[PDB]
Structure formats: structure tokens, C-alpha cells
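Below is one structure, written out as C-alpha cells, with a few remarks after it.
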Amino acid sequence: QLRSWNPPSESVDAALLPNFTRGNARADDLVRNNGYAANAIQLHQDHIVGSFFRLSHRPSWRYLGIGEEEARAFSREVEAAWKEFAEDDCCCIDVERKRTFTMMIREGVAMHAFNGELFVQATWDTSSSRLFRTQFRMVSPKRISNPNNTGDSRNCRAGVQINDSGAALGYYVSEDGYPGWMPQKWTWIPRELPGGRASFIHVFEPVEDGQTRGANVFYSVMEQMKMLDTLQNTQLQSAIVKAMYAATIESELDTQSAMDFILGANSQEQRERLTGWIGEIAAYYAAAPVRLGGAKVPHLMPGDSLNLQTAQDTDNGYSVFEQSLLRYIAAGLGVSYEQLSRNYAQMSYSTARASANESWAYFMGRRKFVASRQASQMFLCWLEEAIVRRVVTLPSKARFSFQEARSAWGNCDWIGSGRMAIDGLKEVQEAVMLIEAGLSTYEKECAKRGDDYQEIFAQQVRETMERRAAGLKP
Amino acid sequence: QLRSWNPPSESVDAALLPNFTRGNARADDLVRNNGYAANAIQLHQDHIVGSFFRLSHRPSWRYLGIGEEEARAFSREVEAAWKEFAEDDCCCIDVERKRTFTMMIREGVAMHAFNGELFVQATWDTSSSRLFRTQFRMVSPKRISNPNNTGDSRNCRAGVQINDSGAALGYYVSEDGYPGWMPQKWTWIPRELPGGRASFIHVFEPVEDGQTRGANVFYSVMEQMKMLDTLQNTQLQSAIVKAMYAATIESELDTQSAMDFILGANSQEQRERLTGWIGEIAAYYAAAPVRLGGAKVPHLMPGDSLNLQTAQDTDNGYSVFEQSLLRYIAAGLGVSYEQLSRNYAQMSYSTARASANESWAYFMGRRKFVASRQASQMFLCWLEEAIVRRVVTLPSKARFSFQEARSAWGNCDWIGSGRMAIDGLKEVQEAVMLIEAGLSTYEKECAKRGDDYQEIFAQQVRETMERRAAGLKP
Amino acid sequence: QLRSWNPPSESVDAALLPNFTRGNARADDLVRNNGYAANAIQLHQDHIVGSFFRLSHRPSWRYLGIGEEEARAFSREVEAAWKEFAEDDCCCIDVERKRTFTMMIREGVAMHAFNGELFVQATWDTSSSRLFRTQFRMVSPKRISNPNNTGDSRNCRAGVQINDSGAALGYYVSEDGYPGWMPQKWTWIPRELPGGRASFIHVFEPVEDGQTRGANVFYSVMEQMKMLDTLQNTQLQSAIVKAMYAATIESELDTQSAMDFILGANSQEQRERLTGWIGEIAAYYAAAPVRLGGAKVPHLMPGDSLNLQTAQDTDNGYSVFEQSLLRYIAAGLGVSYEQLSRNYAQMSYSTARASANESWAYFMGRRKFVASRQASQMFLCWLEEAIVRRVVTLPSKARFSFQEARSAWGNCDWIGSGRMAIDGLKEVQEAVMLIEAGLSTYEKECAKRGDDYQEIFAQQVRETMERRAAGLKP
């Protein structure tokens, strides 16, 4: 059996680049048409990032030798600039001016999930109408290709130029080709600016050394979606044919040897027999109208009888079939089966919680490794621009300048939508015991609930002093 | 039975090296295409290490005879350097610069899982743009082979050079072969530098003396995956064939002996007996359209009736069978059946905890024996570089230098994504009872939650004096 | 029945040695290719040993007449040396230099489980780069054989040399035979050094007097694995044949006596009838295309009908039979059915924990009798080396020297992976109830959890004083 299957060994790029375009096209097709694909990418959307994506700046004051309170004041100021820069109504952060930062992260993560990678370009606007001239534009991966669709080489594969070590030196971005009446042109974009500023950002997850383009997850399930739909159509046709109404009027006649003799006679000169019998039958059944259903039952030839036998006549087993399928696609896509297919039948509380736990662990992994990095990239660019314009002020006793210690100044962590309770009470008690018994601290409790404890404390103070100012019990 | 099965006895390498390449290729195909393979590798990916892999430096001050507080201060300093070195935005730890340390470990453990081994190379960069010039590049196992694909020898087996005892003196690494238009070129790399610094790290699990290359786990379950997909295809085929529908109009005539007489007449001179008769049929049905549905019933020869007989007519037994194969796969891969299969029916709480326990024990075993060793090697190299540059200062009265006692100075333990709650109350009660009863110490319960007690205490102190500074109840 | 079964009575060695090689080969094939065998081996690995194997030195100060506090200080010193010697990153304890002590014990236990025995060789290195020159290397049992494959004698059996009483005087170890182009050469290794130092260690479990080689457990289940595999294959074939579909176009003709007459005519000179009928049928059905699906329906000669009959049309009982085989395998392998096969269906808490308890008692027995003995041997060798180099210091008033009382000084016990909780609360209640009720002491509570009371007390003290130094509630 196994002797009939000898797949060759090639590097990941060797096994991916030749069919990269068709794979991306098929992934887009499933995303656009298939319902489950849209559902799954949608769960990825509202769970990796969720409703909002809040920043929290955590400068490494110890490394920079900066007073901790000074670092806290600096972080407060940079956050003050940042949120008002991010959620601007004008969408000025986007050069295209239709998306804000939250759906920036959303589009990025969904784009990576369904294509394997994401590309962001940071541009320096010239308009002075805004304090910040740094804007961002997403580049769809299909716009990244070799110029003139030339064959790839050692240092030029799939539109990205590499060095000896495989590091990306730059990219070839193709302009829009819509409508198909103009020839696409490719522009060379260096990966980063000479000053170290990240002009272009490419974020994806590699599985081995030398991989240059990410692989969408759908590569493992496309076939399964196909047997799924084909199962749908064939089961529909089974239902259709299961209600077939076969009914006919027939006459036995056809007198065997005399049937052959009558056939010979009719062929010779005796078609009159057949014609007269047909006429008599027509007259009789036009006097009759035997209408079994809504129509006249057809009349058949002498010796001709309708025969429609079928295949196996048992239960098809559709239920367990598509159960196994949906389970397969759910496993391939890394999300729990029940939430993918919203089939919560006979499900226990503990078991549902465990499944949600597994999916949540996967989801935090992806959020940490995909959304966080890209968000940190834009944050670094914007903070560099802000310090350039002195919107914020560095500490006077800074051990290093911003350029030397970009990571140190820019050390930031992002909080998305928290884990939302299955039941509420049990996890609330969890937080209460954790915070009271010393195994936990308020910041992470607000983190898994999608909050920050600073403004929480400030608002609690305000609530208390208002309540006591109004005579209410604090 | 047993008399027909007489497998010979050979050394593990003798039974693995000849088919090593095809085995790795088959495993790569399985993970790339099959959904369950991807789900299993992802489960390994997020359970062995998970979201993040935090270091804890525990120098053996007693062996070195160093004051414990001095050791703690040194550990704090080296950790402060290490975090800012590891999660750098620039990905400067990677030679090629796409990956940070956490995905370094993740890719390493995944490669070990689906290939049986992993290879890391430490390079000394010449660029002064960064404080640390030590960079890391992984090598796929497929790039390790004998130069020019020469015949295997005693001291040169699959690209690794061994001594008389078999110790890995060095390796032969092949260059990238994409595109396939150039001869590959092999480089000799010594295992370690002359100064004892680990230049090349090879991490795998050996099962016996003399094994030189690891074996992927899938080697136990490949044919089971194949019978699985063949089951999918044949069950689909059954679904199609059981909706099959046949409907034909036939006439008998042909009274055996009369059939033979008609055959003789038609062969001699009377073909017009049939064609004209057919025409007569073709006449009437022109006005018939006897439509079962949207189609037209085909007509048959006289005495020719379709007979579609079939095989057994009972239940295929799909539901038990594919479940059994899924259990086989989970047993082979060392993970619980429900997590891999994403099947959670009738799944009791206590037995859910039992499955989680088995999987968790396996995961901690592999994390200790695979990820921890690689991380320790990486950390040792970086620490050597840091001491070289005096970024961190050794204790003045140290009993031994760093070179003499590299293990003593670099004694470190890593905490990853800890075991996370199944019910919430039960495990938190465990923690509180254990801490209050004296059977536990804060750090290890922080560890199974993926925290450390030191920064937790510091953050609790900060929360406390912030709250008392704002008038809140402490 | 019983009259057809008269097995002869021979000694265990007489019934094992002739087929020992092929038995080991078959066991190796089973573990390499079958998933269940690998799962059972991995279970043995995880539970018998676990993540780590921690030493605890318990010198018999009473027998040696030494002050108990002096014994405690000595044990602390030797333990401090032992940990830093054992888990060294360089793997210097291993001659082959890939394995640390923990996976050494794991290799030993798995080796014994799947082969019935294990062999360790302690070598005295000459390199001064390390303080300890004692290294260890494992010897595969297949490397232990009579020189030149000569027939076994009274005092020479399977490469071992026995005295009059059967005690192992020495061994014959064969060199590696890979690649198979060299002739194997056998070396004589004395069991122990002239000074009583254990040069070579052979660990196995004997069932009767005179047994020289251990027998792997798999001997009891091999053919059961085999009919399990055949069951899988035949169930697959049943699934395929159950979707088999036969549908062709037939006729009757065959006019009995006139059929024979037509046969005679065609044989003599009248094949024209058959040829013309075939041509007419082909033309008509090329005008017809009567297709069941996307395929054309085949045709047959007159009087020829496809006749297929299966056999029986009942359930195969696959599920229950497979459960029976799995339970058989688990019983033969000493593990519970539900962990080997990961079947926690409809399983109660109490019943599951009882079965786990049975398996755990089995596993404690093996850990005591297999891993502990080998670990003690290696520890004794290392301790002898350490005393030789005065790394540690014996008590001044020692009643006996180290050589005279090796067991007394080296009395040690090893703690592996602790008992793993099923529910959490109940076992923690057990611990607290025993500890405050006076029926238990802290070390055994730390034992079924894999800790020790000394360092846990030290850590609790450190935590308490840190918390009091930070103003936290102690």
C-alpha cells in the first residue's frame, strides 16, 4: 500500500513558490464563497484582536538608568499622544483614509490568516494639516511579485530580494492592474530606511530556514471543504430522487414468437395494425382520462414496461459523515469544532470550557506572534516621528538616545479583547481569590478582562468621591 | 501468522539511515497536506512552549562559594540584559532577521517533532550596530548530508563526522538548492569552537547507543493516516453511489428460439426488421416525451434490460472505524484523543482531567528534554558574549572563572506556558491550600501559571502603595 | 482440545536463548512501526521516571557510628556535587555526549522494557578538562553475543561468561556492524574491576535461577498486535467492498437447444450473426450513450449475466472485538486499557482513579526494581571517584572506609515524577489530613509530588522573610 506513495523531498520554498499564486487564489475563493471559511476567519477576527486593541507602554527604565516615576510620566505622555493619534475620526493614519488602527490590526491578522503573510508600508506625508505626517498602507501579497513575472533566482524570489544569508533587502511591489487594460509596473521598495526607520514591514510565521513567503492555513483543508460541499449536493440529489413518482400505463401483448411474426408483418405491410391500435387506445383513454395525480399517466408500448431499479437502500450516514468532516476542518484551522459550526448539542459545561481553553491558548499564541509584532512596528514608527517633532520629551538623564535604544524606549505590550466568561461567577471568584491571596496583581486581571488598572483606579477614586460628595454610601 | 513475519535485527541507524530521506519527505508531505498532522504539530507548538518562554537564572553560588545575595544581584542583572536582548524588535538575534527568540524555540521544537532533530548555528556578526554580535540561524536537517552524496562510512554517516567512540566531531551542511539549477556545495562545520564555545548545536532524542539522527514520531502512524484518508474517499464514494438512480424503458420480445430466428433473418437480409421498428419507436416517443424528471428515459434493445446488482446492504460502520483510527493516531503521537480529534462528546469532567494529565505529563517531559536544552545552549553562548564585553560583571571573589564553570554560572531554568485551569475553582483551591499549609512555595505555582514570584511581589507592592496613596482600601 | 497441546518442559534459558535474537528483532519492529507500542513505551518513560530523577543521599550513620548532623552535612555536600555533575550542559557524563542523566535513566528503562535488560559501561576518561573523569555509555543487548557467533556452552551463553554458580564473570561485547562491510569483533569485559568498582553493569529482572538474559514483555502480546493489524486491514477492505457498484447491460437470448444450434452454426460457418449483432449493438449504443453516471455502462454477450454474491449480511462486531484486543494488550503490557488506548468513554471518576492506581502501583514496582538499581550503581561509581579526588570529605571518625562500606555510605533513594492528581482537592485534603493528623511526614508528601522538604523549607523561609521585608502579610 505505502509502496505507491513516494513524495520527493524539497525545501519549503521549492514546494510552495511554484503553486503560490494558485494556492492564494484558491484560499480567496474559499474565503469569498464557502460559509465556514468566512465564519472561521471571522472568529479569528473578533478573537485575536477583538473590539479594540489598547497599547501599554512599558519602557525599560532600568536598562536606560531612568527614574521609574520619570518613566511612568513619559509612558503616560506617550499614551496620551498615542490614543488621540490612533482612533482619529479622519482616518488620517491611513493614507487611503478608510480604516482606523483597530481595523488596521484586524485586516492585518485576517490577511495573514488567509494568505500566510502581511505587508505594511509606512509613508511620510507632506500635508501639514495634521501634527503627524506618518501614514500606513497595506499591500496585498499578490501585489508582491518578480518584475515582468520573470523567473525567480537565488537572490530574487517571489518579488523579494534576499542577501547571501536570506535577509530581505527589499521588495518588488506591483501596481494595481484593475481594470486589466494597463500593464502592471513593479517598484523597488527597500525594506528599511537608511536611518533605521522601518519603511516596509513584512510579518509572517516561518516554519523553516530560508522560507520567504508565508503559507495560508487553508492549504491543509481545501480538499475537505470540497468533499463537504460535494456531499451537500449529492445528499440533496438523494433527497430529490427519494420523492420520485414513477407511474405508467402498459400493455403486455408482445406475443414472443408471434411478436416477432407481427413485427415482420408490420415491417412488410401491416403497420395498419399498430396505427389502428394506437388510435383506438388514444380514443379510449381520451374518453377515460385516468388522472392519478395532476396529469395524464403516459401510455407505453406493447411489451414495453418502465423499469427503474436502484442501488443500496439503507441509511446513508450523512450525520456522522459531516460531523467527521467539520471536525477535520476545525482541527486543521486550529479552532474548536463546536464554535466553528455553532453545534453545541449535548455539550457539558466542563467540556465546553476545556474546548474554549484550547482555542483560547491557540488564539493568544497567534495574537502574541502576529498582531503584537506588527502593532509594535507601527508604534515604533509613530513614536520616532513624535520624538522628532518633540511632541513628547525624552528623560534628560537618558543613558542612550532613542535611535540607539529604540527597543528600550519602545518596549510596549498590547491588550486585546479579554477571555469572555462562559459562566461568569466561577471566574469572578477566580480573580477575587487570586487578587486576595497574593498570587496575582490587578494589571493582569484587567488584562484578561481587557482593561488597564491605572484608569480603573482613577475612575474608582472619582466614583468614591462623587458618591461621598452626593451623600451616597461609598 | 507469526511464522510469516520474520523481521531481521539491525542497529537503529542501519534500520533508519537508508530510508531517512524518504521518511522525512513523507513526514513533510503529511504535515503540509493532512489537517490532523497540522493540528498535532500546532498542539505540540503551543503546549511544549506556548505564548512565551521566560528565563530564570539560578547560579550555583554554593558550588562557586559566592554570597547568595551577590548571586541574586548578578542573576537580576543578567536577566535584565537577557530580556532586552531576546525580544528585540529588530530580530537581531536571528541572522536572517525574521524571528524572535520565542518563535526560535517554537520552530525548533516543531522541527524536532516532525523530523526527529534540530540544528542551530551560532554566528559571530561583525556589525557593531548592536551591543551583542552573537546571532543564531537554524539549519533544516535536510541540509545535513554527506558531501557529493557519497557512500556512507563508519565515521561519516548522513553528513555528521564521528570519532572512535562516535562523538560528533563536526557536520557537513549543504547549501540551499533552490532553484534546482546549481550543484549543491557542502561545508564542514566543527561541532564546537576551539575555546569550548558551542558553535553548532544538534538537539535530538536518541533511543539507543550509536544513533546519529533522530526519527520523527509520524514513523509510527503514517499508514494509519493513509487508511484514514482512503476511508474518507470511499465513504464519500458510497454517499455518491447510494444516491445513484437508474430508469430505463425496455421491451422483451426475443422469444429465445424466435430471437435466434430473428437473428438469422436480420443477418441474412432483414436488418430492416429492427431499424424500422426502432424508427417506429423513434416515431412514437417523439410525441411521448416520457419524462421522469427533467430528463428523458433512455430506450434499450428488445430483450436487453439493465441489471444493477450490488454488494452487502448493511451499515458501513464508519462511526466506530474512523474514531478508532483517530484514537490510534493520538496514541501514536502521544496526545490525548479528544484534543487532537476535536471530538468532545459525552466527555466527563474527571476523565477530561485525566486526559489533560496524560498530555501534560508528556508535554513537560518533551519541554524539559528538548526546548530546555536548546534554550540553555543559546543562553550560554549569549552569556559568554556578555561577559566578554563586561556587560555583566562576575563576582570579584569567584572561585572559578566563567570558562572553567560554564555550567555553574549558566545554571538556568525556563518556564513556559504553564498548565492552565480546567475548572478554575479546583486548581485555585489547590494553590491556596498548598501555600497556606506549607507544602508549597510561591514560585512554582507561579511557574505552573507561567509567572515568577519576584516581579509578582514587586507589582503587588506597587499596587499596594498606589492604592493606599489614593485612599483605597489596601 | 487439551490432548492436542503437550508443550515440553525446558529451562527458561533453554526456551529463550535459541529464539532470543529473532524475538528482540520482532519487538524492535513492533515498537518502531506500530503506534500502540510506541505509546506504551512513552507511557513507561513518563511515569516510571518523569521529567527528572532527583537523588537523595541517606547515609547509615547509625551503622557507621557517625554523628547524625555530620551525616546530614556530608549528604548535603555530596548532593551539591552530584547535581552540578549530573545535569551538565556538556553531557560530559556521557561518553557519546548527547544524553544527560535523566534521559540516561529513560533510555535504560525503555531499553529494559522493550528488550528485557540493559547494559551500562563505566569508563575512566583521561581528559582533565573536567573534574570528574568517570563517564557512562550504554551497550545495546544486540551487541552482546558469543564471539564469532559460536554455539553457547555451559559457561558461555549469549556472550556472557558464568562461573560454576552461574555468577556473571564477564561479557563479550560486539562492535558496531554498520555499514555491514566489516567483520564484527568481540571484546571481553570483566563484570567488575579488581578493586570492586563496577566496570560493567547489567540490569534485568530474572524469573528463575540460571536465567542470563532478560525477556522483553512484548513476548506476551505479539500475535495479538498482529491480529489487531489484520482486523484494521480487513475492516478497511470491507468498507471499500461495501461501496462496490455493479451495473451493466445484459440480454437473455441463449435459446437453449437453438442456442446450441447457433453455437454449432457459428463454429462451422455462421460467426456472421454474432459479428453483425455486435456491430449493430455497438452502433446503437454509440448513438445512445446510456450512462449511469460519468461512465459508460458496459455490455455483455447474450446469455451472460454478472453474478456477485457476498456471503453474510450482518454486523462485523468490529467495535467490541477491537475493545477486547486492546484490553488484552493492556493486560499483557501491565498498563490500564484506557491510558494505552486513550478511551475515557462513559468512565466514572472513582473507577478511573482506581484503574490509574493499579497502573501506578505496577509502575512504582518497576521504578523501584529497575531505574533505582541502575541509578544507585552509577551514583556509587561517581561517589567513589569523588572520594578519590577528595571533592567531598568523609567523616573523620568513620568506623569503616568507603571501600569496606560502599553500601553504607552510598545508601541512597531516588525520587521521580510524583503521583499526578486526578481531581486535585481530594489528594490535597489527603496530604493536609495526614500531615496534621500525625500519620505522615513531609517527605512522602513531597514524594508523591516530586519535591523534597529541605529546599522547600529553605524556599518557604526565604519567601517569608522577603514578604516581611516588603511589608506584605506573612
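In the C-alpha cells, chains take letters A, B, ... by order of appearance, with residues numbered from 1 within each chain and ligands from 1 in the order shown.
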
Exercise. Mind checking DSSP for segment 104-256 of chain A and telling me the strand (DSSP E or B) residues as a PyMOL selection string?
Worked result: chain A and resi 117-124+134-139+144+156-157+160-162+168-174+186-190+200-204+249-251

Keeping only N, CA and C atoms, write the selected residues to a file as a CSV table (one decimal), in the first residue's frame.
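part-v4.csv was written with the following content:
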```csv
chain,number,residue,atom,x,y,z
A,117,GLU,N,0.8,35.8,5.2
A,117,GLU,CA,1.7,36.9,5.4
A,117,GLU,C,0.9,38.2,5.3
A,118,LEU,N,1.6,39.3,5.7
A,118,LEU,CA,1.0,40.6,5.6
A,118,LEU,C,2.1,41.7,5.4
A,119,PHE,N,1.8,42.7,4.6
A,119,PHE,CA,2.8,43.7,4.2
A,119,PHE,C,2.2,45.1,4.5
A,120,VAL,N,3.0,45.9,5.3
A,120,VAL,CA,2.6,47.3,5.6
A,120,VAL,C,3.7,48.2,5.1
A,121,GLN,N,3.3,49.3,4.6
A,121,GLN,CA,4.2,50.4,4.1
A,121,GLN,C,4.0,51.7,4.9
A,122,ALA,N,5.0,52.2,5.5
A,122,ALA,CA,5.0,53.5,6.2
A,122,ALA,C,5.4,54.6,5.3
A,123,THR,N,4.5,55.6,5.1
A,123,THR,CA,4.8,56.7,4.2
A,123,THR,C,4.9,58.0,5.0
A,124,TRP,N,5.7,58.9,4.5
A,124,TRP,CA,5.8,60.2,5.1
A,124,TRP,C,5.0,61.2,4.3
A,134,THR,N,3.1,60.7,9.5
A,134,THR,CA,3.3,59.3,9.2
A,134,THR,C,2.0,58.6,9.0
A,135,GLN,N,1.9,57.9,7.8
A,135,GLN,CA,0.7,57.2,7.4
A,135,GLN,C,1.1,55.8,7.1
A,136,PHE,N,0.1,54.9,7.0
A,136,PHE,CA,0.3,53.5,6.8
A,136,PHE,C,-0.6,53.0,5.7
A,137,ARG,N,-0.1,52.1,4.8
A,137,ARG,CA,-0.9,51.5,3.8
A,137,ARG,C,-0.6,50.0,3.7
A,138,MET,N,-1.6,49.2,3.6
A,138,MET,CA,-1.5,47.8,3.5
A,138,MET,C,-1.2,47.4,2.0
A,139,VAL,N,-0.3,46.5,1.8
A,139,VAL,CA,-0.1,46.0,0.4
A,139,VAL,C,-0.4,44.5,0.4
A,144,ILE,N,2.9,41.6,-4.6
A,144,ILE,CA,4.4,41.4,-4.5
A,144,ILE,C,4.7,40.3,-5.4
A,156,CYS,N,16.5,36.6,-5.9
A,156,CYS,CA,15.2,37.3,-6.2
A,156,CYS,C,14.1,36.2,-6.3
A,157,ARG,N,13.3,36.0,-5.3
A,157,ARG,CA,12.3,35.0,-5.3
A,157,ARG,C,11.0,35.7,-4.9
A,160,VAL,N,10.8,39.5,-3.7
A,160,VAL,CA,11.6,40.0,-2.6
A,160,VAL,C,13.0,39.6,-2.8
A,161,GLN,N,13.9,40.6,-2.7
A,161,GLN,CA,15.3,40.4,-2.9
A,161,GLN,C,15.9,40.0,-1.6
A,162,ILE,N,16.8,39.0,-1.6
A,162,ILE,CA,17.5,38.5,-0.5
A,162,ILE,C,19.0,38.6,-0.6
A,168,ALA,N,15.9,39.8,4.0
A,168,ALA,CA,15.2,40.6,2.9
A,168,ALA,C,15.8,42.0,2.8
A,169,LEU,N,16.4,42.3,1.6
A,169,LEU,CA,17.0,43.6,1.4
A,169,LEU,C,15.9,44.6,0.8
A,170,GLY,N,14.9,44.1,0.1
A,170,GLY,CA,13.9,44.9,-0.5
A,170,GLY,C,12.8,44.1,-1.1
A,171,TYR,N,11.9,44.7,-1.7
A,171,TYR,CA,10.7,44.1,-2.3
A,171,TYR,C,10.4,44.7,-3.7
A,172,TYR,N,9.7,44.0,-4.5
A,172,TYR,CA,9.2,44.5,-5.8
A,172,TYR,C,7.7,44.4,-5.7
A,173,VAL,N,7.1,45.6,-5.6
A,173,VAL,CA,5.6,45.8,-5.4
A,173,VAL,C,5.0,46.1,-6.8
A,174,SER,N,4.1,45.4,-7.2
A,174,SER,CA,3.4,45.7,-8.5
A,174,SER,C,2.2,46.6,-8.2
A,186,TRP,N,6.4,47.4,-11.6
A,186,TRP,CA,6.9,47.0,-10.3
A,186,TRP,C,7.9,48.1,-9.8
A,187,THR,N,7.8,48.4,-8.6
A,187,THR,CA,8.6,49.4,-7.9
A,187,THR,C,9.4,48.7,-6.8
A,188,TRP,N,10.7,49.1,-6.7
A,188,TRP,CA,11.6,48.6,-5.8
A,188,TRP,C,11.5,49.4,-4.5
A,189,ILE,N,11.1,48.7,-3.4
A,189,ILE,CA,10.9,49.3,-2.1
A,189,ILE,C,12.0,48.7,-1.2
A,190,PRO,N,12.9,49.5,-0.7
A,190,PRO,CA,13.9,49.0,0.3
A,190,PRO,C,13.2,48.6,1.6
A,200,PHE,N,9.3,49.5,5.3
A,200,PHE,CA,8.4,48.4,4.9
A,200,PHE,C,8.5,47.3,5.9
A,201,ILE,N,7.3,46.8,6.3
A,201,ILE,CA,7.2,45.7,7.3
A,201,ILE,C,6.6,44.5,6.6
A,202,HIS,N,7.2,43.3,6.8
A,202,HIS,CA,6.7,42.1,6.3
A,202,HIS,C,6.5,41.2,7.5
A,203,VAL,N,5.3,40.7,7.9
A,203,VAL,CA,5.1,39.9,9.0
A,203,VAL,C,4.5,38.6,8.6
A,204,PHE,N,5.1,37.5,9.0
A,204,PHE,CA,4.5,36.2,8.7
A,204,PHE,C,5.2,35.2,9.6
A,249,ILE,N,-48.8,3.5,-17.8
A,249,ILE,CA,-49.8,2.5,-18.3
A,249,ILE,C,-49.2,1.7,-19.4
A,250,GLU,N,-49.2,0.4,-19.2
A,250,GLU,CA,-48.5,-0.5,-20.2
A,250,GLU,C,-49.4,-1.7,-20.5
A,251,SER,N,-49.2,-2.3,-21.7
A,251,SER,CA,-49.9,-3.5,-22.1
A,251,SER,C,-48.9,-4.6,-22.4
```

Exercise. What residues in chain B lie within 7 Å of chain A, counting only C-alpha atoms, written as a ChimeraX atom specification?
Worked result: /B:25-26,32-36,38-39,46,50-51,88-89,96-97,107,138-140,178-179,223,239-240,242-255,258,273,290,292,310,313-314,319,341-342,344-345,347,349,422-425,456,459-460

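Going from atom CA of residue 16 of chain C to atom CA of residue 116 of chain C covers 11.5 Å.
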
For this session: Could you please write out, as a ChimeraX atom specification, every residue of segment 191-309 of chain C that DSSP assigns to helix (DSSP H, G or I)?
Result: /C:217-220,222-242,256-268,271-287
